[PDB]
Amino acid sequence: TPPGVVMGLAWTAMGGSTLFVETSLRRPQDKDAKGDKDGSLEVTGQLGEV
Amino acid sequence: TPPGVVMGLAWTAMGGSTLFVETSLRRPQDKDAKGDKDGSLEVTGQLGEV
Amino acid sequence: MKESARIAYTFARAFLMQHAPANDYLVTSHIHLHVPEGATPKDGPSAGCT
């Protein structure tokens, strides 16, 4: 589990599985050194409305 | 109920309910101590436009 | 593709300063770019190396 990943139990439709949440920087942080811009997140993995 | 949270009654379509309501800061407050920029809200909870 | 766009702009700046320091194009030269449309956006990252 290199940092930014961790196991998380999930009650799938049948049985359960140790789903690995995965997290990583996806586009370089340095849009500006002075920039106040937020790190807007982009969830993926068939996001539901909930 | 620590600071920035308060309970609220609600008339659910089935019976009553005692749902809570919560609030929190979302960015550092002092990116520019004099900076004239909106303290924008970001509401969530599947709100309808009404 | 905007994420890939700044990723390519960034990595291209980095690779050019890594390899040919005397040149200063991507570090300081405005650049219009165009990529032909047609591929589905989901596969569009594949074009980023190009």
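Along every chain, residue numbers run from 1 in sequence order, not necessarily as the entry numbers them; residues that have no coordinates are omitted. Lettering for chains starts from A, numbering for ligands starts from 1, and both go in the order in which the items are written. Remark: the chains included constitute part of a larger assembly, and values are reported for the included chains only. Water and hydrogen atoms were dropped before computing side-chain values, which therefore reflect all heavy atoms in the structure.

Structure determination for the deposited model, as stated in its record, used cryo-EM, and the stated resolution is 3.9 Å.

**Q** Could you give an account of the overall build of chain C, with specific residues and numbers?
**A** Secondary structure summary: chain C contains one helix and zero strands in total. Each radius of gyration is computed over the set of C-alpha atoms, and the globule rule expresses the reference value as 2.2 Å times the number of residues to the power 0.38. For 50 residues, the compact-globule formula gives about 10 Å, and the C-alpha radius of gyration of chain C, at 13 Å, lies well above that figure. Projecting the C-alpha coordinates of chain C onto the three principal axes gives extents of approximately 40 × 20 × 15 Å. Side chains of chain C give 4 positive and 4 negative charges; the mean places of these two sets differ by 6 Å. The helix count covers DSSP runs of H or I at least four residues long, the strand count covers runs of E at least two residues long, and both are numbered beginning at the N terminus. Charged residues are defined here as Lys and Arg on the positive side and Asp and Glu on the negative side; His and the ends of the chain fall outside this count. Throughout, a charge is located at the NZ atom of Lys, the CZ atom of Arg, the CG atom of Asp or the CD atom of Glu.

**Q** If you had to explain the arrangement of the chains to someone new, which residues and values would you point to?
**A** Contact criterion: two residues are considered in contact whenever any of their non-hydrogen atoms come within 4.5 Å of each other. Between all two pairs of chains that are in contact, chains A and C come out with the most contacts. Here chain B and chain C are not in contact; the least distance found between their C-alpha atoms is 23 Å.

**Q** Report on a nonpolar patch on the surface, specifying residues and quantitative values.
**A** All names here are of chain A. Grouping into patches uses exposed residues only, defined as over 30% relative accessible area, and leaves out salt-bridged ones; the cut-off is 9 Å for like charges and 5 Å for nonpolar side chains (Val, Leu, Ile, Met, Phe, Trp, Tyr). Method for areas: the Shrake-Rupley scheme with a 1.4 Å probe, in which residue coverage is limited to the protein chains shown. Any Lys or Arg side-chain nitrogen found within 4 Å of a carboxyl oxygen on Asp or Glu counts as a salt bridge. A contiguous nonpolar surface patch, about 360 Å² in accessible area, is contributed by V6, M7, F20 and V21. Those elements giving two or more residues to the nonpolar patch turn out to be β1 (5-10) and β2 (17-22). For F20, the position within the fold is in strand β2. Exposure categories follow from relative accessible area, calculated using a 1.4 Å probe and restricted to protein chains: below 20% of the type maximum is buried, above 50% is exposed, and the middle band is partly exposed. The class of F20 is partly exposed, set by a relative accessible area of 47%.

**Q** Could you give an account of helix α1 (residues 2-19) of chain C, with specific residues and numbers?
**A** All names here are of chain C. Each residue after the first adds 1.5 Å to the expected span of a helix. Spanning 18 residues, α1 covers 25 Å between terminal C-alpha atoms, matching the ideal 26 Å at 1.5 Å per step. Taken residue by residue, α1 has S4, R6 and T10 as its buried positions. Projected onto a plane normal to the axis of α1, the buried residues spread over an arc of 165 degrees and lie on a single side. What the arc describes is the spread of directions from the helix axis to the C-beta atoms.

**Q** Break down the environment of C:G48 for me, with residues and values.
**A** Residue and element names in this part refer to chain C. You can see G48 is positioned in the segment after α1. When its relative accessible area of 35% is taken as the criterion, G48 is described as partly exposed. Distance from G48 to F11, taken between C-alpha atoms, is 11 Å for residues 37 residues apart in sequence.

**Q** Go over the interface of chain A and chain C, please, and point to the residues and values.
**A** Counting residues at the interface gives five residues for chain A, matched by four residues for chain C. Note on definitions: buried area is the accessible-area loss of two parts on being combined, 1.4 Å probe, summed for both. Across the chain A/chain C interface, buried area totals approximately 440 Å², and carbon plus sulfur atoms make up 51% of it. Three residues, A:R26, A:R27 and A:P28, lead the burial of chain A against chain C; their summed loss comes to 77% of the area buried on that side. The interface formed by chain A and chain C contains two salt bridges. Between A:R26 and C:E3 there is a salt bridge, with the nearest N and O atoms lying 2.5 Å from each other. The term polar contact refers here to a pair of N or O atoms within 3.5 Å; inside protein, the definition further demands a hydrogen-donor-capable atom paired with an acceptor-capable atom, and it admits residues adjacent in sequence only when both atoms are side-chain atoms. On the surface where chain A and chain C come into contact, there are four residue pairs in polar contact. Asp, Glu, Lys and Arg are counted as charged, while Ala, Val, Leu, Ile, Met, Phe, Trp, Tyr, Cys and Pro are counted as nonpolar; the rest, among them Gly, fall into the polar class. Looking at the side of chain A that touches chain C, its residues break down into one nonpolar, no polar and four charged.

**Q** Residues and numbers for the packing of aromatic side chains, please.
**A** Residue and element names in this part refer to chain C. We call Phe, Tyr and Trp rings a pair once their centres come within 6.5 Å, taking the six-membered ring for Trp, and we label the pair stacked below 30 degrees between planes, edge-to-face above 60, and tilted otherwise. Tallied over the entire structure, the rule returns one aromatic pair over all chains. Aromatic pair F11 and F15: ring centres 5.5 Å apart, planes at 90 degrees, arrangement edge-to-face. Taken together, the residues span about one helical turn, with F11 and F15 both in helix α1 at a distance of four residues.

**Q** Lay out the pairing of β1(A) with the relevant residues and their values.
**A** The side chains of a regular strand alternate, first on one face of the sheet and then on the other. All names here are of chain A. Here, any two strands with at least 2 DSSP bridges between them count as paired. As judged from the six bridges shared by β1 and β2, these two strands associate in the antiparallel manner. The residue of β2 that forms the bridge with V5 is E22. Linking two consecutive strands that pair antiparallel, namely β1 and β2, is a turn of six residues; a positive phi of about 70 degrees is found at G15 within it.

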